[PDB]
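If you read the protein sequences in the order shown, they are chains A and B.
Residue numbering for the first sequence follows the entry's author numbering, beginning at 1 and increasing consecutively.
The entry's author numbering puts the second sequence at residues 401 to 405, 407 to 408.
By construction, the Cβ of each residue, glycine as well, lies at the ideal position given by its N, Cα and C atoms.
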Amino acid sequence: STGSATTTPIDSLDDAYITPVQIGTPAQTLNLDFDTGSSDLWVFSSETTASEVXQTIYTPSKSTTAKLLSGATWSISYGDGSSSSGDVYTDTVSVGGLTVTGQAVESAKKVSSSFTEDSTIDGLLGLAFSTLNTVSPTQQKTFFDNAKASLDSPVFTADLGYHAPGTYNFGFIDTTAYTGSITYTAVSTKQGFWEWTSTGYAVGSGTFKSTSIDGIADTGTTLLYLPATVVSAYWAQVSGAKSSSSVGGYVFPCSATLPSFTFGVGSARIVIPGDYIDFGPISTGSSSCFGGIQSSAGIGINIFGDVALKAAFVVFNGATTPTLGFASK
Amino acid sequence: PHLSXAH
């Protein structure tokens, strides 16, 4: 079988995208953030501490096909400190027509204040490799994993938009979706992440510095985090730009026409348009804007978040030896 | 807002 489902930005800034997913019998529909940098399918549920709930929730006991996975428990924290935990159910999950039975659904007993305050995200969906699944004591399989048997092809594609909706496909690659050919590149799973290595970078119409950048493809992340000197290299091409401790990252006059950033993928070159890099005014009506490229020194890993991913059509090849395809859009 | 999804 195959699957097609729309993904739409939760706001004006493209901070993240949510996709509708259908849980249980009869189908309860939640908008979860598809996250290729994690491996847990969890959502707000009837079990969640009420003062911590502001979200559409999953009610286990109103689903016929739901089953409690005895003694299993989960606890997760993400890159920004946010976290959540609860118990586990298995149940039927559907994405854009693709239906999986027995998928582990992690019921949230408690969630951190950031999740609480986001009314648009009802839960997350892990699309990273299963070794990062927090279910204890026996790790559960991700949606993709569970689905791989019945997929026409063991692949999923991310087609995120720039301030527009996009698509997540499972089982096939929509050739109409991109321009040129897809350049595949090796993936390391030692870190459980879709981890790869760019061939380099080019700022604006500047030269392509050939240098190896090990990062991850992380749909759950907004910005593009690269080493400090790359990033410096960027911003120095923008007159008004400077780093700001107060904002915590490079700021520049909103009226600035931003240079493109080019990253390597094999002999291929992906070009993020300048606009993608203007993220927004630091507060509504401000003269200063926040940069879409930032140093990853403090994080500890290079992260190709949504600002770089919406710039391309991305293929997540889930063959036994996984690959990553990149095509321009 | 700003999201950074499991370190």
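Item                                                                                                                             : Value
Terminal residues of the beta strand (DSSP E) in which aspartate 275 of chain A lies                                             : Premise fails: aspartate 275 of chain A lies in the alpha helix (DSSP H), 274 to 277, not in any beta strand (DSSP E).
Option nearest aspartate 159 of chain A by Cα separation, candidates A:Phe172, A:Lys209 and A:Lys148                             : A:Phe172
Buried/exposed call for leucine 224 of chain A, threshold 16 Cβ in 10 Å                                                          : buried
Best match in A:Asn169, A:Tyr201 and A:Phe193 for proximity to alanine 5 of chain A [C-alpha to C-alpha]                         : A:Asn169
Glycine 220 of chain A beta carbon less than 8 Å from that of residue 379 of chain A                                             : Only positions 1 to 329 of chain A appear in the structure, and residue 379 of chain A is not among them; the question remains open.
Neighbour flag for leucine 98 of chain A against chain B, beta carbons, 8 Å                                                      : no
Residues within the stretch 171 to 201 of chain A neighbouring chain B, beta-carbon criterion of under 7 Å                       : none
Contact set between the stretch 213 to 228 of chain A and chain B, restricted to residues whose Cβ is under 8 Å from the partner : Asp218, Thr219, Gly220, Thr221, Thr222 and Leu223
Contact list for the stretch 287 to 310 of chain A against chain B, Cβ threshold 7 Å                                             : none
Own chain residues within Cβ distance below 8 Å of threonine 183 of chain A, not counting five before or after                   : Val265, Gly266, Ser267, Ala268, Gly325, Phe326 and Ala327
8 Å Cβ cutoff, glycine 24 of chain A in contact with chain B                                                                     : no
Check: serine 61 of chain A C-beta below 7 Å from any heavy atom of the ligand FAD                                               : The ligand FAD is not part of the structure shown, which contains no ligands of any sort.
Interface partners of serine 283 of chain A on chain B, CB under 9 Å                                                             : By Cβ distance, chain B contributes nothing, its closest Cβ being about 13 Å from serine 283 of chain A, past 9 Å.
Interface residues of the stretch 72 to 89 of chain A facing chain B [CB-CB below 8 Å]                                           : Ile76, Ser77, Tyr78, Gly79 and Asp80
According to DSSP, residues forming a beta bridge with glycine 126 of chain A                                                    : A:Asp35
Assumed close pair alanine 108 of chain A, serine 150 of chain A - CB separation to whole angstroms, cut-off 8 Å                 : That pair is no contact at about 28 Å.
Residue-level contact to chain B via CB, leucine 132 of chain A, 8 Å cutoff                                                      : yes
Beta-carbon proximity of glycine 292 of chain A to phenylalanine 279 of chain A, cut-off 8 Å                                     : yes
C-beta contact flag for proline 253 of chain A and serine 295 of chain A at 8 Å                                                  : no
First through last residue of the beta strand (DSSP E) which encompasses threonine 183 of chain A                                : 179 to 186
Span of the beta strand (DSSP E), counted from its first residue to its last, around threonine 8 of chain A                      : 3 to 9
Residue from A:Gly206, A:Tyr201, A:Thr222 and A:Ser205 whose Cα sits closest to the Cα of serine 212 of chain A                  : A:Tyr201
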